[PDB]
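The structure appears right after this line, and notes come after that.
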Amino acid sequence: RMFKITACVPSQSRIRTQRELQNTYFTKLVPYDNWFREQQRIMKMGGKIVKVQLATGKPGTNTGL
Amino acid sequence: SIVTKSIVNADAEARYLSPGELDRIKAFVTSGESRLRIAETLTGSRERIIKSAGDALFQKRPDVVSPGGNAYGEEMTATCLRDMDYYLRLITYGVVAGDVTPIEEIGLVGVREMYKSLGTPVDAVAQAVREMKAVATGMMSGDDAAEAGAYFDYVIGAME
Amino acid sequence: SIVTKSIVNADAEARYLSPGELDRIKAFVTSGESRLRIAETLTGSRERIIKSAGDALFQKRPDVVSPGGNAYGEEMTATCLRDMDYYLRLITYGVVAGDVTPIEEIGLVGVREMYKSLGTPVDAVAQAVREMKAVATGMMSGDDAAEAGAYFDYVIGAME
Amino acid sequence: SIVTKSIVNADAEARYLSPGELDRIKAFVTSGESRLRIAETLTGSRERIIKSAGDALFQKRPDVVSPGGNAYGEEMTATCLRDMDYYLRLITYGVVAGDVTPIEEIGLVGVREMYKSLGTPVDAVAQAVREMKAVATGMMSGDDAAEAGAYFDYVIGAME
Amino acid sequence: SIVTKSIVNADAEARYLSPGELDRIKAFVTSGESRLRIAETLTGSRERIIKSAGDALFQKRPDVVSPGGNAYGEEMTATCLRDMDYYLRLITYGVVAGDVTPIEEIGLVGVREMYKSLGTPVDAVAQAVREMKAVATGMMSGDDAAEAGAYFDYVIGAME
Amino acid sequence: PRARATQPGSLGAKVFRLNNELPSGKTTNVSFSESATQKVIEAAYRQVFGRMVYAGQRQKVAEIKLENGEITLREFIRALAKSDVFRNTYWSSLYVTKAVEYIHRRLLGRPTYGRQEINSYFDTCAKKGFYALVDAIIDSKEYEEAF
Amino acid sequence: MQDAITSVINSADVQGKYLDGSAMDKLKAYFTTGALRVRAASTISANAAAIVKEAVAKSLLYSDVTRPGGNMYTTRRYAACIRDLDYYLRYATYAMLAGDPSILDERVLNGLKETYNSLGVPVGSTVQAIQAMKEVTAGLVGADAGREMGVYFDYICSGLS
Amino acid sequence: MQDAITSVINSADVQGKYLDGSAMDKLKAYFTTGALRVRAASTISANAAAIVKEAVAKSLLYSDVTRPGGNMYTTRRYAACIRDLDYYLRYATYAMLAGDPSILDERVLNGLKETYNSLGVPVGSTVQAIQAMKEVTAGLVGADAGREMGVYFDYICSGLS
Amino acid sequence: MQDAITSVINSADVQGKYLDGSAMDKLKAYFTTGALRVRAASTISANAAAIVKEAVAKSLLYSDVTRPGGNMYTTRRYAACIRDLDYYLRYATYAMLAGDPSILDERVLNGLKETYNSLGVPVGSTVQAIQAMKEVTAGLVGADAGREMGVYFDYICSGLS
Amino acid sequence: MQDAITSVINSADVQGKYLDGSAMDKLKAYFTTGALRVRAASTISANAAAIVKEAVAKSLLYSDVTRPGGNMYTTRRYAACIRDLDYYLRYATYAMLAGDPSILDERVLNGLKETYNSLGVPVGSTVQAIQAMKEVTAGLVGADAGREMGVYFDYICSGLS
Amino acid sequence: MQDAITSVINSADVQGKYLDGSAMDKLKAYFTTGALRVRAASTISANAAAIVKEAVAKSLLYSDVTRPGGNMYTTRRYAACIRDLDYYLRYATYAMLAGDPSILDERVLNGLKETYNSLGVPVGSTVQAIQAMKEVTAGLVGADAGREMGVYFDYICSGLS
Ligand SMILES: CCC1=C(C)/C(=C/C2=NC(=C\c3[nH]c(/C=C4\NC(=O)[C@H](C)[C@H]4CC)c(C)c3CCC(=O)O)/C(CCC(=O)O)=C2C)NC1=O
Ligand SMILES: CCC1=C(C)/C(=C/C2=NC(=C\c3[nH]c(/C=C4\NC(=O)[C@H](C)[C@H]4CC)c(C)c3CCC(=O)O)/C(CCC(=O)O)=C2C)NC1=O
Ligand SMILES: CCC1=C(C)/C(=C/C2=NC(=C\c3[nH]c(/C=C4\NC(=O)[C@H](C)[C@H]4CC)c(C)c3CCC(=O)O)/C(CCC(=O)O)=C2C)NC1=O
Ligand SMILES: CCC1=C(C)/C(=C/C2=NC(=C\c3[nH]c(/C=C4\NC(=O)[C@H](C)[C@H]4CC)c(C)c3CCC(=O)O)/C(CCC(=O)O)=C2C)NC1=O
Ligand SMILES: CCC1=C(C)/C(=C/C2=NC(=C\c3[nH]c(/C=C4\NC(=O)[C@H](C)[C@H]4CC)c(C)c3CCC(=O)O)/C(CCC(=O)O)=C2C)NC1=O
Ligand SMILES: CCC1=C(C)/C(=C/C2=NC(=C\c3[nH]c(/C=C4\NC(=O)[C@H](C)[C@H]4CC)c(C)c3CCC(=O)O)/C(CCC(=O)O)=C2C)NC1=O
Ligand SMILES: CCC1=C(C)/C(=C/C2=NC(=C\c3[nH]c(/C=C4\NC(=O)[C@H](C)[C@H]4CC)c(C)c3CCC(=O)O)/C(CCC(=O)O)=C2C)NC1=O
Ligand SMILES: CCC1=C(C)/C(=C/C2=NC(=C\c3[nH]c(/C=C4\NC(=O)[C@H](C)[C@H]4CC)c(C)c3CCC(=O)O)/C(CCC(=O)O)=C2C)NC1=O
């Protein structure tokens with residue numbers, strides 16, 4: 001169980017010395033058990049979520065994940 | 001406002017709002033009429049405040065109106081008064097918000113960087129908001145002058 | 001003071017003190033504690049008041065310290081700060097006494113004749129007391145700043 | 001210095017010094033003779049640098065020496081020239097070390113907090129280092145003036 | 001150029017050119033590319049140099065832009081910048097010539113007499129070429145800045 | 001507290017960033033990108049474990065997922081810290097409170113402040129275990145604000 | 001994240017004017033609603049667990065979802081369901097306090113749709129549960145604040161559907 | 001961390017007793033002094049940087065510690081000294097508002113002696129700096145508010161020494 | 001990240017041959033350009049802030065962007081705009097020094113398009129600002145290095161559009 | 001962490017004086033020895049593993065410590081011993097390059113005695129191993145570079161003992 | 001407590017081996033340095049109080065620690081400080097005579113850090129006092145006897161820090 005997500009997250013309150021194209025366009029693989037918490041984090045910064053899809057095991061797997 | 005700031009505080013601490021800050025929001029709710037009166041009087045006399053404060057700033061610091069300075073010419077002085085208009089507008093927004101956060105979001109993040117780009121001396125802008133503060137608190141009653149001077153004081157503190 | 005003024009005003013009228021004047025004296029007697037607190041606030045920080053007010057005055061009115069002005073030179077600037085110290089002392093006396101008869105009866109009657117005989121611009125002295133008022137009411141709480149600013153207001157009003 | 005910076009930058013990375021860093025240290029080791037010549041040029045004529053730079057600064061920014069400014073009076077102007085002497089000494093240290101970690105690690109980290117606690121305008125200090133840079137690069141050959149002006153440039157950049 | 005000056009020197013001394021000055025002409029011949037690069041960068045950024053130098057001059061010396069001064073009004077300030085254009089043009093001519101003699105022939109013989117006629121303060125023009133020198137050497141690399149600053153230095157030396 | 005994120009310069013340790021994002025399809029042989037990514041993986045291995053781990057013990061699956069760019073550096077450090085070699089080294093040899101303190105000094109870069117902070121992390125160790133301890137340290141707002 | 005106050009300040013800021021009298025009218029409207037908003041928020045914060053348990057007992061309990069074959073069958077999915085409902089109620093209370101549904105569009109309905117499509121969560125059962133929770137909180141805290149919670153619950157349902 | 005009210009409640013609770021007349025009298029004393037505490041806290045919040053810079057101008061300036069070799073020499077050390085004095089004034093204001101010095105030995109005086117002894121910070125010079133800060137703020141807020149500030153300033157100097 | 005040298009080595013490496021004479025020809029071409037590349041890089045590094053301020057004063061200042069209603073209105077967006085321009089100029093200087101636009105495709109134009117679509121940044125104003133910056137740096141550092149900066153600024157614009 | 005240059009600057013700064021002739025002479029001594037330091041550092045970076053394995057082959061091999069019961073017995077302990085010796089050689093190279101042993105007591109000799117005493121590591125056997133490492137590298141880089149390596153090796157052995 | 005002879009015998013006994021040539025060479029080194037150790041010990045026994053009072057006159061006098069608030073303030077604290085410095089010089093003389101610092105960590109450095117941390121004694125100021133004592137006695141007994149005194153003085157300062 002793992003969610004592939006891609007998202008755009010803007011800088012909240014300061015100018016940045018670093019480049020941070022990778023910080024602003026985040027595409028990564030988030031496991032299921034921390035996905036509620038990481039979604040909450042993305043919403044806590046204020047950036048939007050562009051895609052959510054689980055590429056791993058099927059939705060419906062009661063036994064075995 | 002104070003409610004967004006209390007909400008992001010209760011969010012980062014991952015708890016509900018404490019009854020202290022519920023009482024804080026309730027007291028802000030009851031003091032809405034006083035802040036409406038302050039912002040009403042400021043939106044009333046904005047031109048007189050800007051004219052007296054700009055002439056006091058040009059009397060205090062003549063480097064900006066001198067040749068070679070930043071605000072030299074008719075359009076440059078008019079843009080200087082336009083920037084003072086924007087800052088008094090944000091002062092009224094923060095006065096009616098109960099918090100300094102809309103002043104922070106709209107006009108306090110990169111003012112040093114953008115005024116480094118334009119060539120504006122930022123301490124002259126701090127003197128301009130100082131004169132606007134002195135004139136606006138000269139207009140208000142002393143308790144309401146203390147409230148508006150808190151936000152004006154915050155702006156000149158974030159300037160210099 | 002308040003008691004002197006009430007006694008004299010009943011004294012010309014050939015009557016005793018009216019009960020309204022008596023509760024006036026009673027309310028002043030009760031508010032004497034806050035008056036003494038304002039007096040300690042003004043007394044203990046006189047160095048910073050005189051220093052910062054002289055700095056802001058000479059920033060605001062630089063011609064009196066330029067060659068040609070009255071307070072030009074070392075001893076003349078020292079005498080200028082001494083005159084400001086005199087007026088802050090009279091402000092403390094008027095704060096304690098509850099009325100402006102110490103301030104008026106000591107240092108405001110022939111102030112125009114004296115400063116005309118010295119060659120001094122009296123508007124710049126009013127600006128000196130204005131900067132003293134700014135530093136002093138920047139130093140206290142709200143009602144304390146209002147009660148001290150009443151006497152500072154009387155001094156600047158009696159200048160012009 | 002250069003050797004400290006290369007050692008630390010290889011030290012966090014858990015590796016030895018890369019050969020490019022090693023020829024960097026080698027080139028700095030060879031250019032140390034010209035660095036010592038620039039240091040003797042800056043050291044031997046410090047009196048004229050501090051004197052002429054203070055003269056041009058107080059000509060350029062006369063309000064800080066006028067009554068009301070920070071460096072008003074005999075001992076205050078002496079302390080102002082002492083602060084300029086401190087910064088020229090740190091310039092000499094940064095010239096010898098080949099990097100700005102002496103200058104930053106001694107006299108540039110909390111410079112804003114210190115000069116805000118003293119009541120000093122930091123732009124006038126940047127003008128003081130600007131006049132020191134003008135007198136110092138007026139004192140040397142071309143590449144020597146460029147190499148010293150790099151560190152003078154870093155000090156004025158770290159002011160604002 | 002250097003060749004005309006070496007020729008008039010060998011003519012007045014009535015001999016052929018010495019191998020020292022033949023080697024000087026040969027070294028000038030080989031350094032033609034560096035002086036072409038310097039004059040190229042100066043002819044590139046002449047407007048920015050003139051604008052920053054004119055605003056720095058008006059910030060330094062406000063007597064010329066004041067009422068009653070020389071360069072008062074739109075056309076007078078434009079003619080002031082035109083004279084700075086002529087002097088930067090002669091600076092580029094002398095930079096590409098390898099000698100100061102075309103600057104002497106075109107714009108250094110009677111500048112005191114003609115500016116006595118027009119009423120222009122000549123020391124203000126020396127300050128203007130000083131600001132043009134500081135800005136142009138701020139633009140160049142340090143060795144080429146030393147070369148261009150030699151000719152700029154010669155112009156301000158012949159001014160004052 | 002605004003300057004939790006500001007890195008120290010020349011007075012503290014150097015900070016390693018993964019900012020280049022190792023991006024390549026049809027990569028050059030002398031591409032400089034993989035080498036800097038190896039530097040950052042090197043740095044994470046020696047900040048989490050302290051030392052460079054022995055050759056049979058390092059995780060190649062998390063290195064591969066980082067160099068392909070599906071997991072962040074935070075999740076890579078979470079996968080390094082939730083490994084068996086880390087817990088057999090630091091969590092299984094020591095007392096539980098000393099393990100809380102040393103894992104906090106490893107993953108947050110500082111010792112703990114007081115008792116609430118230790119009563120809250122060792123409660124996460126109580127009802128859920130060591131994996132939720134690493135999960136709660138990596139969750140914390142000081143980690144997000146600092147790194 | 002904006003209040004009624006921050007949205008008023010924002011709207012007066014985009015066009016660039018100062019505070020006009022109509023802005024003060026909206027601000028006093030917000031305050032005279034905000035006192036009872038506070039009391040309703042305290043009542044909802046006091047009784048949130050009973051509100052959620054009455055919502056699931058009203059709509060989701062004796063259906064196929066809480067039964068086998070539904071997406072609410074296992075205890076993992078039941079705990080996730082109760083957590084989803086608690087989060088809907090909490091964010092509706094935040095939107096009621098702020099007087100603006102921008103928080104619901106900002107934090108709730110941001111990527112909730114696509115994860116609800118991807119996990120196979122039924123949208124209709126969630127919408128029924130939220131509406132049951134809506135009239136549960138309406139019968140709890142009162143009529144006008146019931147309408148307040150009603151438009152924010154309806155905002156959540158419209159962003160969900 | 002406890003004020004006068006929480007310490008009175010903690011004493012009556014560790015007893016297990018109800019609040020008797022002595023506790024009522026202690027709380028009446030705190031509820032009479034609280035308005036003076038509030039006004040002194042506002043007046044101290046007005047002039048933080050002025051009180052700190054006047055304390056350095058009284059004690060630490062023009063002495064050996066700002067000269068080369070002193071521990072207040074560099075700009076980093078000067079900024080850290082101003083930071084430490086701002087901490088002492090801020091926590092003395094907090095202990096004045098609470099009416100109990102429990103925050104001072106909980107959050108200032110906990111590892112401060114060992115920190116200053118490890119760094120090489122002079123404890124006598126910083127005790128004199130805190131004493132001058134006390135003298136300046138007692139000149140600022142008056143006699144009795146200056147005394148109730150100076151009791152916690154003396155607490156900080158006693159725990160530091 | 002490849003230079004002209006590293007791209008030559010890379011191309012000779014994929015086909016598998018040693019260094020041929022045509023590779024040496026490209027290498028000497030790179031060196032005879034690289035001397036003036038160094039001097040132009042020093043000139044751009046000296047005057048970067050004036051270059052960026054002249055670029056925004058040329059194109060972006062008195063338009064609707066720096067006005068209200070544009071994406072450059074607030075000071076947050078203005079500071080982000082100046083930072084974006086500084087980064088374009090710095091990476092163009094790196095590409096000029098390396099002699100290869102692989103750094104611009106590697107670090108600048110990697111995900112810049114989609115975040116510029118997602119934040120609503122106007123592509124046309126950015127392209128105008130970059131071209132204004134291009135002839136500003138061309139008038140500053142000279143003709144041939146102006147062309148050098150020109151093809152790398154054009155590479156940034158083509159990756160942006 | 002400071003080299004000879006930074007320590008000279010720190011002495012002249014703690015004095016508050018300018019760099020006089022003795023400091024100039026010290027820096028001239030370091031700038032004469034620096035090329036030899038560079039070449040010895042390259043030669044030591046060449047043969048790290050060879051110097052370490054020759055030090056173990058001289059001292060620790062075929063003794064009791066590699067036998068059962070010794071602290072170098074297991075493969076984990078052998079690998080940690082090779083790691084510790086590589087640390088000593090690497091930091092001795094760093095202290096040779098800096099010309100100052102401040103990095104050694106900052107970053108090696110800080111808690112090393114207490115660590116080795118808590119683990120049960122023999123300090124005399126590791127001192128003999130560092131001495132054999134010194135002997136091997138002094139055979140490698142020559143007389144005077146071996147001496148300026150051995151002064152920091154003796155510093156490590158003195159701080160360890 | 002063991003000198004160089006007893007440590008050599010203990011190493012050869014823990015080996016179980018006889019005294020081989022390396023042990024003979026170590027004992028020959030000690031038996032060559034022993035006369036210099038004896039003469040330096042006599043010269044240090046000559047001037048105990050002078051070395052101690054010159055160390056205080058160099059470091060601790062006229063600083064903040066002898067002023068009010070310092071830990072060397074009172075006459076009791078001054079006498080205990082002179083006692084502590086006499087202890088450091090006496091045990092450094094003993095460790096110089098033995099040629100082994102085992103007596104220092106057996107009988108000085110055992111609980112000294114915890115004692116000084118419990119009392120509030122500054123460790124940096126006493127480390128500077130021991131360093132000045134080392135400087136004075138190295139000026140007293142010469143170069144190499146001063147060095148073999150300073151190795152044990154540095155041992156005491158390292159164990160104290
Ligand atoms: C090293 C390569 C690199 C680039 C270029 C980069 C750009 C970048 N530009 C951004 C924003 C921005 N960029 C602009 C740009 C402009 N202002 C305009 O209107 C014009 C069209 C243009 C000025 C020339 C603006 C206005 C924002 C902020 C919009 C917002 O989020 O509020 C952001 C979002 C975070 C932030 O606020 O800075 C990133 C990551 N990141 C990188 O790593
Ligand atoms: C609400 C937040 C906010 C701020 C702060 C703001 C500033 C701002 N100041 C500007 C110009 C300016 N502002 C000044 C102001 C000054 N220079 C002086 O001499 C005076 C001392 C000082 C006045 C206090 C001047 C002279 C210009 C014109 C600069 C130029 O044209 O080069 C412009 C360019 C014109 C435009 O697009 O309206 C902006 C955007 N805009 C904002 O939206
Ligand atoms: C308590 C009531 C009281 C007042 C006010 C007072 C004023 C007073 N001010 C004096 C001088 C002065 N006072 C000033 C003051 C000023 N000039 C300026 O430009 C500033 C605007 C201003 C002060 C801020 C100066 C410059 C002199 C010297 C006049 C001279 O030397 O001719 C003198 C003459 C010298 C002396 O004996 O001190 C008196 C008596 N004496 C009193 O008993
Ligand atoms: C090596 C790094 C370093 C710096 C920079 C430093 C500065 C420093 N400047 C001071 C004062 C000062 N420095 C100035 C300097 C200036 N005021 C002006 O108007 C001018 C713009 C400017 C100098 C050109 C003045 C006026 C004071 C006195 C402040 C006062 O008396 O309140 C003081 C307090 C008195 C003292 O002990 O000297 C320190 C510590 N100390 C350091 O260790
Ligand atoms: C290449 C050699 C060369 C020089 C030097 C030169 C100077 C020159 N300067 C002129 C005017 C002027 N030049 C100035 C310049 C100045 N006054 C100021 O306030 C400034 C400080 C100073 C500028 C540096 C002014 C104000 C005028 C107009 C004077 C008038 O109209 O009365 C004019 C009259 C207009 C014309 O025929 O173009 C000439 C010929 N011409 C030459 O061919
Ligand atoms: C396989 C994992 C699994 C579990 C554990 C599970 C529990 C479960 N227990 C339920 C009800 C219930 N379960 C109980 C059981 C109890 N209360 C008591 O008095 C007894 C002591 C205790 C019996 C041991 C009761 C009384 C209800 C009805 C609660 C109600 O209607 O309010 C329901 C609601 C009806 C439904 O949708 O079938 C579910 C889903 N479902 C699952 O799929
Ligand atoms: C703050 C805004 C916010 C929300 C709302 C949110 C929801 C959210 N709901 C989830 C799952 C879920 N949500 C439900 C919902 C329901 N049960 C049903 O069948 C009904 C239709 C509905 C009950 C009312 C279920 C069953 C799952 C778990 C399905 C699974 O992954 O096994 C998950 C996947 C992780 C998890 O298992 O919890 C997220 C992230 N995340 C957020 O950040
Ligand atoms: C960079 C400064 C620095 C040093 C030097 C350092 C040493 C250090 N050496 C260690 C272990 C060790 N060190 C040794 C080394 C030896 N034992 C012997 O018998 C030999 C005489 C000697 C090798 C020559 C051994 C065998 C261990 C492992 C102990 C064990 O696993 O029980 C440990 C225990 C934790 C771990 O292995 O990874 C540390 C922290 N740490 C540092 O940060």
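Every chain in the structure tokens has a letter given in the order shown (A, B, ...), and although residue numbers restart at 1 in each chain, ligands are simply numbered from 1 in the order shown.
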
Inset, instruction - Write out as an NGL selection string the residues lying within 10 Å of residue 79 of chain F, counting only C-alpha atoms and excluding same-chain residues fewer than 3 positions away. - result: :F and (59 or 61-63 or 71 or 73-76 or 82-83 or 134)

For ligand 3, collect every residue having any atom at a distance of at most 7 Å from a ligand atom (counting only C-alpha atoms and all ligand atoms); output as a CSV table (one decimal) with N, CA, C and O atoms, in the first residue's frame.
```csv
chain,number,residue,atom,x,y,z
C,54,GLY,N,16.2,66.1,23.6
C,54,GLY,CA,17.2,67.1,23.0
C,54,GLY,C,17.6,66.6,21.6
C,54,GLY,O,17.7,67.3,20.7
C,64,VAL,N,18.7,76.1,15.3
C,64,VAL,CA,19.1,76.7,16.6
C,64,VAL,C,20.4,76.1,17.1
C,64,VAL,O,21.0,76.7,18.0
C,65,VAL,N,20.9,75.0,16.5
C,65,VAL,CA,22.2,74.5,16.9
C,65,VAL,C,23.2,74.8,15.8
C,65,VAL,O,24.4,74.8,16.1
C,69,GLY,N,22.2,80.3,15.4
C,69,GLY,CA,21.2,80.0,16.4
C,69,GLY,C,21.5,80.4,17.8
C,69,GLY,O,22.7,80.7,18.1
C,70,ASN,N,20.6,80.2,18.7
C,70,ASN,CA,20.8,80.5,20.1
C,70,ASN,C,21.7,79.4,20.7
C,70,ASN,O,22.7,79.7,21.3
C,71,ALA,N,21.3,78.2,20.6
C,71,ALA,CA,22.0,77.1,21.3
C,71,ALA,C,23.0,76.5,20.4
C,71,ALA,O,23.0,75.3,20.0
C,76,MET,N,26.2,76.5,25.3
C,76,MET,CA,24.9,76.9,24.9
C,76,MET,C,24.0,75.7,24.7
C,76,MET,O,22.8,75.7,25.2
C,77,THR,N,24.5,74.6,24.2
C,77,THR,CA,23.6,73.4,24.2
C,77,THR,C,23.4,72.8,25.6
C,77,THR,O,22.4,72.2,25.9
C,79,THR,N,23.2,74.7,28.3
C,79,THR,CA,22.1,75.5,28.9
C,79,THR,C,20.8,75.2,28.3
C,79,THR,O,19.8,75.3,29.0
C,80,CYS,N,20.7,74.8,27.0
C,80,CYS,CA,19.5,74.4,26.4
C,80,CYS,C,18.9,73.1,27.1
C,80,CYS,O,17.7,73.1,27.4
C,81,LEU,N,19.8,72.1,27.3
C,81,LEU,CA,19.3,70.9,28.0
C,81,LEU,C,19.0,71.3,29.5
C,81,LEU,O,18.1,70.6,30.0
C,83,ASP,N,17.6,74.1,30.5
C,83,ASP,CA,16.2,74.7,30.4
C,83,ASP,C,15.2,73.6,30.2
C,83,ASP,O,14.1,73.7,30.8
C,84,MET,N,15.5,72.6,29.4
C,84,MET,CA,14.6,71.5,29.3
C,84,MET,C,14.4,70.7,30.6
C,84,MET,O,13.3,70.2,30.9
C,86,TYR,N,14.7,72.1,33.6
C,86,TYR,CA,13.8,72.9,34.4
C,86,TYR,C,12.4,72.7,34.1
C,86,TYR,O,11.6,72.6,35.0
C,87,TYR,N,12.1,72.6,32.8
C,87,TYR,CA,10.6,72.4,32.4
C,87,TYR,C,10.1,71.0,32.8
C,87,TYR,O,9.0,70.8,33.2
C,90,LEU,N,9.4,71.2,36.5
C,90,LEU,CA,8.1,71.9,36.7
C,90,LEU,C,6.9,71.0,36.3
C,90,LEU,O,5.8,71.0,36.9
C,106,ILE,N,5.7,79.4,38.6
C,106,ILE,CA,7.1,79.4,38.6
C,106,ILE,C,7.7,79.8,37.2
C,106,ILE,O,8.4,80.8,37.0
C,107,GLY,N,7.3,79.0,36.2
C,107,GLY,CA,8.1,79.1,34.9
C,107,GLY,C,7.3,79.3,33.7
C,107,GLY,O,7.6,78.9,32.6
C,111,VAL,N,7.6,84.1,30.5
C,111,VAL,CA,8.4,83.3,29.7
C,111,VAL,C,8.7,83.9,28.3
C,111,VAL,O,9.8,83.8,27.8
C,118,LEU,N,16.5,87.0,25.8
C,118,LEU,CA,17.6,86.2,25.5
C,118,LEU,C,17.9,86.0,24.1
C,118,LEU,O,19.0,85.5,23.7
C,119,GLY,N,16.9,86.3,23.2
C,119,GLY,CA,17.0,86.1,21.8
C,119,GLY,C,16.6,84.7,21.4
C,119,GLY,O,17.2,84.2,20.4
C,120,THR,N,15.7,84.0,22.1
C,120,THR,CA,15.3,82.6,21.8
C,120,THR,C,14.0,82.5,21.1
C,120,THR,O,13.1,83.2,21.4
C,121,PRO,N,14.0,81.7,20.0
C,121,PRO,CA,12.7,81.3,19.4
C,121,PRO,C,11.9,80.5,20.4
C,121,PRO,O,12.3,79.5,20.9
C,122,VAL,N,10.6,80.9,20.6
C,122,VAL,CA,9.8,80.2,21.6
C,122,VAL,C,9.1,79.0,21.0
C,122,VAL,O,8.8,78.1,21.7
C,124,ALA,N,10.6,76.9,19.1
C,124,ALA,CA,11.6,75.8,19.2
C,124,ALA,C,11.6,75.3,20.6
C,124,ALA,O,11.8,74.1,20.9
C,125,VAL,N,11.3,76.1,21.6
C,125,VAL,CA,11.1,75.6,23.0
C,125,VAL,C,9.8,74.8,23.1
C,125,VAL,O,9.8,73.8,23.8
C,128,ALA,N,10.7,71.6,21.9
C,128,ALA,CA,11.4,70.8,22.9
C,128,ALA,C,10.5,70.2,23.9
C,128,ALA,O,10.7,69.0,24.3
```

Mind checking which residues fall within 6 Å of residue 5 of chain A, counting only C-alpha atoms, ignoring those fewer than 4 positions away in the same chain, and posting them as a short mmCIF file (atom, residue, chain, number, x, y, z; two decimals) with N, CA and C atoms, in the first residue's frame?
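The resulting file, selection_35.cif, is shown below:
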```cif
data_model
loop_
_atom_site.label_atom_id
_atom_site.label_comp_id
_atom_site.auth_asym_id
_atom_site.auth_seq_id
_atom_site.Cartn_x
_atom_site.Cartn_y
_atom_site.Cartn_z
N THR A 27 6.90 15.33 -6.24
CA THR A 27 6.31 14.06 -6.65
C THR A 27 7.03 12.97 -5.88
N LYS A 28 6.29 12.23 -5.06
CA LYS A 28 6.93 11.18 -4.29
C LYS A 28 5.93 10.10 -3.93
N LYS A 51 -2.18 15.42 -7.55
CA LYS A 51 -2.62 14.06 -7.83
C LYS A 51 -2.50 13.18 -6.60
N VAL A 52 -3.44 12.25 -6.47
CA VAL A 52 -3.40 11.17 -5.49
C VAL A 52 -3.78 9.88 -6.20
#
```

Inset, instruction - Could you please select, counting only C-alpha atoms, the residues of chain F within 12 Å of chain H and state them as a PyMOL selection string? - result: chain F and resi 11+113-115

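Reported to one decimal place, the separation of atom CA of residue 69 of chain I from atom CA of residue 117 of chain I is 17.5 Å.
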
Inset, instruction - Skip residue 156 of chain B itself and residues of its chain fewer than 4 positions away, then list as a list in words all residues within 8 Å of it, counting only C-alpha atoms. - result: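 Contacts, with the query itself left out: residues 126, 127, 129, 130, 152 and 160 of chain B.
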
Legend entry - Nearby residues (only C-alpha atoms) at most 12 Å from residue 131 of chain B, same-chain spacing under 6 positions excluded, as a ChimeraX atom specification: /B:49-61,84,88,124-125,137-138,149,152-153,156 /C:60

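A distance search around ligand 1 (6 Å at most, only C-alpha atoms and all ligand atoms) returns the following protein and nucleic acid residues: residues 10, 11, 19, 20, 21 and 24 of chain A; 65, 71, 72, 77, 80, 81, 84, 85, 87, 107, 108, 119, 121, 122, 123, 125, 126 and 129 of chain I.
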